[PDB]
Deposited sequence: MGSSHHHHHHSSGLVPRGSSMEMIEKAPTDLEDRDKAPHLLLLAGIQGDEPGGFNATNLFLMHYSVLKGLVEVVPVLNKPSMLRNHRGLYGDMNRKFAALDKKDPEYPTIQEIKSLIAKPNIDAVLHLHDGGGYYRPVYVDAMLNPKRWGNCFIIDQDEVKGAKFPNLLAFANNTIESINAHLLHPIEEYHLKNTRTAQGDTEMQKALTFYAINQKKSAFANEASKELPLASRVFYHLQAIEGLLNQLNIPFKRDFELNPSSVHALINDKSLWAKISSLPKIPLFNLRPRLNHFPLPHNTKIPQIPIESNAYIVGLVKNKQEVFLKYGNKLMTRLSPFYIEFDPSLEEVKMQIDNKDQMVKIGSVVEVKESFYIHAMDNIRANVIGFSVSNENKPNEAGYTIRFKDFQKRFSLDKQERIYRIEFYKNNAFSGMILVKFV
């Protein structure tokens, strides 16, 4: 259930005019620096020549459960692997992407404990820690387009260190010299990549950092490496922790569950009651769209969680029901003007609305009261019990339609 998303030039011919990077994160589901960085890269950057292929989260089931790895460490499955391992097919997908001739370089993002130091200082600062280092398996890979891993790493590190927020965050090189006897790294992603004659790098951001600072350093590493590869790019923001925080916490982010209307990711009430979901559909099979790339649904006890990375956006208390798709649109008066409103849209209301009755369709305006049918009522903001709003701001309300005993669809009204 991982996806690969291309970031490419608008002109297809420009793909071959610069190198190709494979950018990967989220091989651990509890390393949000990485998969929030891949998410922001996908949402807010443009690649002008060459190609950057992105797998924003490698281990999505684990991400959804805020878990390091539900089926064990996925970054130890690139060497020997039982064919019955639940992640065997995923590993083959990842290996396939890595080994494609249209890839030159691989950058794997991680969040890691403490701060790496080449010599022991204390429990947080020592060679066994992983935070804030840029990592190679060896100094060179003969036969790669760009064999000089060490030079690339050193220059990328120099780029990152020109932008430190605090001096303790200084990046260091970590060469694991994997082929020489590092049996753990021999099982990991970048070493597989090396053996396909790809330049391969990993970037670690410290888990001791706030998410926004982790993402900041991940983006510095991505940009540093893109610069070394001479892959030209643009972003639509300034790279600082404040901007990163704002883009993670972006109020324009939405989730579209099934055929329901888009709902905002942020500032939802923490629980949405009697929430219609298609019956007889396993949760991972319920379609969900977003303008972000790390959104999904996951069962928790009797609830369905809406997740944004490791962030819990709301708890759905589901109402499982057949989704009848026959109703495409509903005639509504909005602020005096009659119009046809598509099922699954959000309509802004300044003053009032009125739903026209339909023969075999019942409308329930959630938060408005008199098998309720609430078509034929002129409804204003003052008529709502505000606690039924989707949003903390008390401005967004659900209108649900039923062709009993089936669910005919939903429309949101937003009072503006």
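Gaps in the model relative to the deposited sequence occur at 1-19, 390-393, listed in sequence order.
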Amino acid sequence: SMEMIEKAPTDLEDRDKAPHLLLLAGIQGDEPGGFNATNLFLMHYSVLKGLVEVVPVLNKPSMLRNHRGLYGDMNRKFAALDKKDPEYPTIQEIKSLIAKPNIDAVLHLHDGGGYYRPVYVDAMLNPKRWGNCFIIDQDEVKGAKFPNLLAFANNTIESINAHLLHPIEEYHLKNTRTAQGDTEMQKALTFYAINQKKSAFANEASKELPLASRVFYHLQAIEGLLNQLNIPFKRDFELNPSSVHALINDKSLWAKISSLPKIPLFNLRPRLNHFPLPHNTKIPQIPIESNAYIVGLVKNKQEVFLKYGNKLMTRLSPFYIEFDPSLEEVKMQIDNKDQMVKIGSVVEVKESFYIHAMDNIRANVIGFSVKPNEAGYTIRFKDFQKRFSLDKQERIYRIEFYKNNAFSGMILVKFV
From here on, numbers count along this sequence of modelled residues.
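Among the other PDB entries of this protein that were compared and that flank it with modelled residues, residue 60 is modelled in all, so it is never left out in a third of them. Judged by the one-third criterion across other entries of this protein, residue 371, though modelled here, is missing from at least a third of those that model both its neighbours. Checked against the record, the higher mean CA B factor of 194-202 and 85-93 lies with 85-93. Of the two segments, 206-214 and 139-147, the one listed with the higher mean B-factor is 139-147 (C-alpha atoms only).
Highest C-alpha temperature factor among 293, 305, 254, 319, as the PDB entry reports it: 319. Of the candidates 272, 226, 119, 248, the deposited coordinates give 119 the top C-alpha B factor. When the modelled residues of the chain are ordered by C-alpha B-factor, residue 385 sits in the highest third.
Ranked within its chain, residue 38 lands in the lowest third, by CA B factor from the PDB record. The deposited CA B-factor of residue 71 belongs to the highest third of values across its chain. Among the modelled residues of its chain, residue 359 has a C-alpha B-factor that falls in the highest third, as given in the PDB entry. The entry lists a Cα temperature factor for residue 379 that places it in the middle third of the chain's modelled residues.
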